[PDB]
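A.B. asks:
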Amino acid sequence: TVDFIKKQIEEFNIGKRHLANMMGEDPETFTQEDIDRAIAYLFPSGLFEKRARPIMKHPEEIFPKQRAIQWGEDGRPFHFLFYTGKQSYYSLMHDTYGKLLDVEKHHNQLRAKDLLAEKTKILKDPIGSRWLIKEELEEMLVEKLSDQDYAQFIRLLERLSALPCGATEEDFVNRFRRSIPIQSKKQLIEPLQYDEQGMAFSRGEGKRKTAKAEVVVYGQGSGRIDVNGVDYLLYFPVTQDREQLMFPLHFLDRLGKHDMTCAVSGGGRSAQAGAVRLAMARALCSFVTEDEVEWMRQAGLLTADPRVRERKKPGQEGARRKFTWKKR
Amino acid sequence: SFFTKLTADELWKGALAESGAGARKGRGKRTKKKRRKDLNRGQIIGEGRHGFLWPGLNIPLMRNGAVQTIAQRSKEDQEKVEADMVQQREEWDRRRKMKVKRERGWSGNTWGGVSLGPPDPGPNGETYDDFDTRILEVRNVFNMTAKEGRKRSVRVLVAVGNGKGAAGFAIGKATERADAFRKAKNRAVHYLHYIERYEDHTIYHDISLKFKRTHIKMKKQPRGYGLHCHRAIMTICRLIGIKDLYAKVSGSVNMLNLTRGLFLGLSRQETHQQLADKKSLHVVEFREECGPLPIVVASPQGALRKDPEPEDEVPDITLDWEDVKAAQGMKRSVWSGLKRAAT
Amino acid sequence: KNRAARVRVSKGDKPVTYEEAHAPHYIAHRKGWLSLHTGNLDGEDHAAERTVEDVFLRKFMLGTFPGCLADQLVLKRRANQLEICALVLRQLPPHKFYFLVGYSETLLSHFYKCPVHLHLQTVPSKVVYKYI
Amino acid sequence: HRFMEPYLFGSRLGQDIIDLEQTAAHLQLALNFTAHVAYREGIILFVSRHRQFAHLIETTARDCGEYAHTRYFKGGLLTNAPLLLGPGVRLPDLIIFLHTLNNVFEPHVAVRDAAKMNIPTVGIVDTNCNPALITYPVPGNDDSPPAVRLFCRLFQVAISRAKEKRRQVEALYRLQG
Amino acid sequence: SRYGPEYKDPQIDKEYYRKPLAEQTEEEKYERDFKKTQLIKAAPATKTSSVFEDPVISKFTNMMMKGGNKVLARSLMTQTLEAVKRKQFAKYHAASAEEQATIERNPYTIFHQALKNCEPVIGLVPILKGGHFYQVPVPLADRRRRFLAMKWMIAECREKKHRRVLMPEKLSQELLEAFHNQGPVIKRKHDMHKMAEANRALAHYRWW
RNA sequence: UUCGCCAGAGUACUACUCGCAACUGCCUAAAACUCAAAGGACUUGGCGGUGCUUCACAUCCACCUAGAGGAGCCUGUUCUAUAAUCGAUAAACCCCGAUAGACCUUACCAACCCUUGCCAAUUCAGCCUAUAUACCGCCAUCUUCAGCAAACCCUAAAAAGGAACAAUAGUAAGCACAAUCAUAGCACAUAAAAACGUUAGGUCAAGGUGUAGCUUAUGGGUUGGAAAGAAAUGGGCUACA
Ligand SMILES: [Mg+2]
Ligand SMILES: [Mg+2]
Ligand SMILES: [Mg+2]
Ligand SMILES: [Mg+2]
Ligand SMILES: [Mg+2]
Ligand SMILES: [Mg+2]
Ligand SMILES: [Mg+2]
Ligand SMILES: [Mg+2]
Ligand SMILES: [Mg+2]
Ligand SMILES: [Mg+2]
Ligand SMILES: [Mg+2]
Ligand SMILES: [Mg+2]
Ligand SMILES: [Mg+2]
Ligand SMILES: [Mg+2]
Ligand SMILES: [Mg+2]
Ligand SMILES: [Mg+2]
Ligand SMILES: [Mg+2]
Ligand SMILES: [Mg+2]
Ligand SMILES: [Mg+2]
Ligand SMILES: [Mg+2]
Ligand SMILES: [Mg+2]
Ligand SMILES: [Mg+2]
Ligand SMILES: [Mg+2]
Ligand SMILES: [Mg+2]
Ligand SMILES: [Mg+2]
Ligand SMILES: [Mg+2]
Ligand SMILES: [Mg+2]
Ligand SMILES: [Mg+2]
Ligand SMILES: [Mg+2]
Ligand SMILES: [Mg+2]
Ligand SMILES: [Mg+2]
Numbered sequence: 070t071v072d073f074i075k076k077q078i079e080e081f082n083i084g085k086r087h088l089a090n091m092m093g094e095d096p097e098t099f100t101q102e103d104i105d106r107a108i109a110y111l112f113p114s115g116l117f118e119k120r121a122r123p124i125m126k127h128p129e130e131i132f133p134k135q136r137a138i139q140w141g142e143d144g145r146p147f148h149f150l151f152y153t154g155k156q157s158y159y160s161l162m163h164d165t166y167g168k169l170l171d172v173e174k175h176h177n178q179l180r181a182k183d184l185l186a187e188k189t190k191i192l193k194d195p196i197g198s199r200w201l202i203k204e205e206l207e208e209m210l211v212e213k214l215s216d217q218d219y220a221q222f223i224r225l226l227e228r229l230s231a232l233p234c235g236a237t238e239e240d241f242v243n244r245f246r247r248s249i250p251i252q253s254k255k256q257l258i259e260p261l262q263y264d265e266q267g268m269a270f271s272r273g274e275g276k277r278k279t280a281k282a283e284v285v286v287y288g289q290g291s292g293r294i295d296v297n298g299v300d301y302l303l304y305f306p307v308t309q310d311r312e313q314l315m316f317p318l319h320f321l322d323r324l325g326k327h328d329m330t331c332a333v334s335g336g337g338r339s340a341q342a343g344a345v346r347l348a349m350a351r352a353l354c355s356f357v358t359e360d361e362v363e364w365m366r367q368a369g370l371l372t373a374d375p376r377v378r379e380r381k382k383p384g385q386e387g388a389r390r391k392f393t394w395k396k397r
Numbered sequence: 088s089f090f091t092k093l094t095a096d097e098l099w100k101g102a103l104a105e106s107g108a109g110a111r112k113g114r115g116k117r118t119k120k121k122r123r124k125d126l127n128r129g130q131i132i133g134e135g136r137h138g139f140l141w142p143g144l145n146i147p148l149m150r151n152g153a154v155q156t157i158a159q160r161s162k163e164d165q166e167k168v169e170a171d172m173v174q175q176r177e178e179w180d181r182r183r184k185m186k187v188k189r190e191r192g193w194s195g196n197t198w199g200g201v202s203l204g205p206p207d208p209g210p211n212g213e214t215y216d217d218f219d220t221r222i223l224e225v226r227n228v229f230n231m232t233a234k235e236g237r238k239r240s241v242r243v244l245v246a247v248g249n250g251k252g253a254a255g256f257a258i259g260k261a262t263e264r265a266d267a268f269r270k271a272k273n274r275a276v277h278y279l280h281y282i283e284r285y286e287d288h289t290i291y292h293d294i295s296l297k298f299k300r301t302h303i304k305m306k307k308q309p310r311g312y313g314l315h316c317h318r319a320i321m322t323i324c325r326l327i328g329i330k331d332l333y334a335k336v337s338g339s340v341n342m343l344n345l346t347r348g349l350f351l352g353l354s355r356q357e358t359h360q361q362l363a364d365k366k367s368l369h370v371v372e373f374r375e376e377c378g379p380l381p382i383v384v385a386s387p388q389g390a391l392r393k394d395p396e397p398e399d400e401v402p403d404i405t406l407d408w409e410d411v412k413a414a415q416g417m418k419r420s421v422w423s424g425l426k427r428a429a430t
Numbered sequence: 036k037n038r039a040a041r042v043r044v045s046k047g048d049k050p051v052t053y054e055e056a057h058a059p060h061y062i063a064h065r066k067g068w069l070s071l072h073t074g075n076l077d078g079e080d081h082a083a084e085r086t087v088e089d090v091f092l093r094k095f096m097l098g099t100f101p102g103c104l105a106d107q108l109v110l111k112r113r114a115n116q117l118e119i120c121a122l123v124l125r126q127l128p129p130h131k132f133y134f135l136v137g138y139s140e141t142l143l144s145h146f147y148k149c150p151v152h153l154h155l156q157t158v159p160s161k162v163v164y165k166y167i
Numbered sequence: 098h099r100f101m102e103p104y105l106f107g108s109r110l111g112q113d114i115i116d117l118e119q120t121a122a123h124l125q126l127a128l129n130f131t132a133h134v135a136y137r138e139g140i141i142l143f144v145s146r147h148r149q150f151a152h153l154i155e156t157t158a159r160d161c162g163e164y165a166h167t168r169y170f171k172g173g174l175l176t177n178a179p180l181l182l183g184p185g186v187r188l189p190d191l192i193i194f195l196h197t198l199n200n201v202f203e204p205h206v207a208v209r210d211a212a213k214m215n216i217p218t219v220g221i222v223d224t225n226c227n228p229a230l231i232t233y234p235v236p237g238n239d240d241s242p243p244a245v246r247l248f249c250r251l252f253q254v255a256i257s258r259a260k261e262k263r264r265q266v267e268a269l270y271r272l273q274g
Numbered sequence: 035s036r037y038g039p040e041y042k043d044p045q046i047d048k049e050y051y052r053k054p055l056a057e058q059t060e061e062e063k064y065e066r067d068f069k070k071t072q073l074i075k076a077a078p079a080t081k082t083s084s085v086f087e088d089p090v091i092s093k094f095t096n097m098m099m100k101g102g103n104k105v106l107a108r109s110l111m112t113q114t115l116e117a118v119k120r121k122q123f124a125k126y127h128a129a130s131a132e133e134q135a136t137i138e139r140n141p142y143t144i145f146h147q148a149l150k151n152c153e154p155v156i157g158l159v160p161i162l163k164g165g166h167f168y169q170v171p172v173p174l175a176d177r178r179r180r181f182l183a184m185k186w187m188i189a190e191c192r193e194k195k196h197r198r199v200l201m202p203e204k205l206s207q208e209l210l211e212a213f214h215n216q217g218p219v220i221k222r223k224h225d226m227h228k229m230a231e232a233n234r235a236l237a238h239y240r241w242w
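Chains as they are written, first to last, in the entry's author numbering: chain AI, 70 to 397; chain AE, 88 to 430; chain AC, 36 to 167; chain AB, 98 to 274; chain AG, 35 to 242.
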């Protein structure tokens, strides 16, 4: 299928030129972020699966990596490990073992000469380097891979890295390394806002069990809550609901140092109490140092409550309660 | 009423009950007659009951340089056309009802000895056109499965041979009989034996072989004793190229064991040239009808030993009682000298 | 076991189309609807009339083009004019194809009191998506 | 092994001793056959299942330009070649065994597959090997590193000489016409 | 169930975070608690940072709650505490000077002491051996003992009272009787202990 | 090189003889009669109140909560009773076909009328007549179990099986599983999906149907009735505070 992909490349180039001409943009500056945008407009297919939508990419992404020819016209295989089944993986293993042996002999000679110039280049914790996954290795090597052979390759790579690294060995071992994303879970702290000559003004939002609450906090007033135009004592007759309001302020010892006005809609009494508690906790982050906001998030004030009522299932009573199952 | 109709595919699928639940485990096979007729075989899309000849479907669009108007056939023409259409129905039914008789290798209702055609060509392009194959045994093999229960699979023994001394055998097992035939044919060519045939009509010497539990006694025969052997050994020898042979099978008559033993015995033959090489003596044939003429068949190439072999006054040969009875004329069985058909 | 709009898997030699290879639970996920109209919206009406017209069109076209139809028709309803898109095997001559399309464009129009458009795409054979 | 008795010189306090006269006699024929196969443009595969000299065998095959197999030998490799290797693949014309026995102390799969597929096999056999199916058995030691290196270098130089002489013969053939 | 296995239980104690510098062993754990990107579940509505709430009181209220009337259960608990406080105050004022230094009026401590007094020491497990069930004596876990202590009192006060008598009124008397080691809950605990002492010879049937 | 035995199985370590300190005894030892088999070994499933490891997360127990079986009512069945439908009727039926019965629905019955009787026509229409043990269409159960399976290859033959990662004959498209998708952000959960087959499982009464039966009738229309509870039982509501 070597010629088929080549023909598809020319057809894709011609189609890209035509798409640029019909869309009105410069074909020279036409890129994939414009190709997909124009496709989504010309063929607006509304489907839940993204892969089912129309797509026009370069053939190298659409078609998978096709295996190259292995033997010439005379039938003689090119690579010397063709009859091993996996001529790419086994060649890689052979090269890795040869480099390991070269490193070992060079280190033995250096120790005989009583010289130590190498360093430990295996600790990549600050960089955030990891080993290749099976899919990543199968992307590099066109042939299919297994689990045991992948484990052997990883365990040989770590053996090679555990030895005094050479000059050309480090770059070879680095191409099998992948960077990981930031695992920091620190939330964004809203800056203090000053609106209408008002100092220490902040806003927060919360949601819990179909209840939306928006709370504005002023850091210069006394401690009181105004909910929906009425005081919290009147709006929450139940003491537990008022304890929900007290939970964030008591954790920060800011009972009588902030004035809060809340607007909460939806849900019941407890759902509204939870929503306003979450909104107040998220809004108080601006008035507190970075040390206690983490304490609040560890105490469970800055995290949402995904506990939502499950939909009732057909043939059941309450999405869990089954009907009376008669054995006979 | 029009919305209540369905398609012909569903109508036939429901009428034939091909995917019925009673024909799965084996409750069927009572009425084994499944026939589906395509109703759109000889129906012209333009023809109809009223006999209108549309310019775009029935008649050519332009005739005599002008356009044709909507016309209708006469009653006699419609009768002629419908008579031809009816005649086509019985013409097709005549072909459908006719069944060609199957091959009778050994009997009218068996697959033993029937011809299966030349084997399929190999991947590299080699074609086996001179090779002919025969089926020796077809057996329905059943296996017990956890879900279905009995699992019927057909196992077929198939022997290939070209008539020039090259032949082989194989076993193909598959769910379908045709698939088993194909698997056996495609696998027989990979295991081919070469049989040394004396004068290309008989074997060099008599062989008495004892397989697992089957005893095979084969004796060399002249040009006038053509293939007086078992009904399967005759087919195997016909495929190999042997035209004259006498073989007796005693003990178990298992087809696979018989075939394996026959092939082993034919492969373990000792050629006259091999005997001459191993004995360093001339091999001389004394033909009965050629008198005392010392015909030499094999020459001991190499060092010809001048020391004569030790002439034993009493040979200690492991004789056979059946052969002794045959030589002494004690074989009074009525089945030994029966007149049979030709090879 | 679910059996609605589901073609059972054979030994591995039957040809299936893209629409046939997808179960009905994949509708609007991997495959779309064969017909589009405004009758199946929230605040709209006249849905039964559209459904019966669509099914009559299916049954009429199946007999109109026997044996040469590749897959299910596409019935687009857009501002009082009805478009019917079909995929047909190139078994019939274009002389007969034009006769059939000219016949249908007027028959359906006069039967449903609305303008219709008929579009046919000729294919050498049925397109195979899964194992064939 | 019972079939190694004719190939043994004797036993020196429990350890069997392999005679070297027959070793050299077999090795001359083996090297001549390998050189002729290389000269006639034949595919030569060095097979050995032994986790001590795998890298050495791979390097020797790379230097020779011939192919090597020192990893786990798959089941239908030589037999089901059209499905294991590719649509149409040319099987090796010579198989050279550097270790007849595998890691499980059993006869190798290829030593039987080559006989099944009619592929000539030159093989180094120790006192515990089975030379019945090997076309050219060489009675020697396959456990000593110098012993392995000696055979590897002998086959390396045989292949190099065969290829160089083939090239010289072709160069002369070019001037012949 | 919506929370994944990576979610960790929150810490509500404010003094745990107020002084992290007083010890170094807790520092090594609380510094890596957030480093591993450990997600924390939402704090339950029942549990808060208030100093006047107790987990034992919350558990007892949850056990007394019928259906989902948490407000009614909380009102019953508050009324029971008020009743025990007033009954203790009445006896404090009716007693002389020497008894005032011994009688306790705090409801929380007397509730905890009554629960501990009615907590069983060992329980019985039915083990099937030879086709018959034997009540093998067995040591009980702390949570099981506390749950049994609460459940016995709740079951006794729900059924062994008159219709006119209210739940807080019955519970106030029962708490005092349990605190003074005179209640039917204590009698039931003694009965269980005597049954265990009778079946002690069958303790070899246990295999754990 | 010899001796003692073996001629289908049951009859039969039997009957009838001889011999024996044995007298319900031992040795030797048939026949009538019945069958086309009787037997030894092996493969794969299934099973095991066999044994050894790992499990059960609403599942078995150790344990938690709320109910049924007690009362009334509603409703569905099994029974008696009428001229008065039918099917389901172990898990997988029992507020099930029916997200639904005063006429119609309604296929049931009694009284009465019409017989090329819906359609352009048809020695034709029409049948809720039988067969779900002939079907398609749709589902139930194993079943949130993972296996099914085309093309090959191997076994000192092959019924069948095909594995050792420091690897011992296994490659394998595909369908399953998984992933993805939806519950408009992730994760979880739910939903959805769940192949090949087992139960000749349910459905000729959603609809058409192969076969066998009706045609002044098993077809088509109108009116009136299709009760009732001696009794038992399933599932729910109300409570017994
Ligand atoms: Mg509920
Ligand atoms: Mg016959
Ligand atoms: Mg026989
Ligand atoms: Mg050795
Ligand atoms: Mg007898
Ligand atoms: Mg006896
Ligand atoms: Mg006796
Ligand atoms: Mg349960
Ligand atoms: Mg209740
Ligand atoms: Mg009850
Ligand atoms: Mg009741
Ligand atoms: Mg009924
Ligand atoms: Mg019934
Ligand atoms: Mg059932
Ligand atoms: Mg009526
Ligand atoms: Mg009625
Ligand atoms: Mg009727
Ligand atoms: Mg059925
Ligand atoms: Mg699997
Ligand atoms: Mg097999
Ligand atoms: Mg596969
Ligand atoms: Mg999502
Ligand atoms: Mg998931
Ligand atoms: Mg589901
Ligand atoms: Mg899935
Ligand atoms: Mg049935
Ligand atoms: Mg039924
Ligand atoms: Mg019907
Ligand atoms: Mg019926
Ligand atoms: Mg009842
Ligand atoms: Mg129900």
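Note that CB positions come from ideal geometry on N, CA and C, so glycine has one too.
1. Run the proximity test for residue 47 (chain AE): is its beta-carbon closer than 7 Å to any non-hydrogen atom belonging to ligand 18?
2. Just checking my contact of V307 (chain AI) with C331 (chain AI) at CB under 8 Å: how many whole Å lie between their CB atoms?
3. Mind listing which residues of the segment 59-70 of chain AC have their C-beta closer than 9 Å to chain AI's C-betas, in chain order?
4. Is any beta-carbon of chain AE found at less than 8 Å from that of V90 (chain AC)?
5. If you compare alpha carbons, which of AI:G387, AI:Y287, AI:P383 and AI:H87 is closest to residue 399 (chain AI)?
6. Have a look at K167 (chain AE) and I222 (chain AE) and give me their C-alpha separation to the nearest angstrom.
C.D. replies: So, from the listed chains and residues:
1. Any answer about residue 47 (chain AE) is impossible in this case: the structure gives chain AE only from 88 up to 430.
2. Incorrect: roughly 16 Å between the Cβ atoms, too far for contact.
3. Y61, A63, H64, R65, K66 and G67
4. yes
5. Nothing can be reported for residue 399 (chain AI), as the shown portion of chain AI is limited to 70 through 397.
6. In a straight line, the C-alpha of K167 (chain AE) is about 52 Å away from that of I222 (chain AE).
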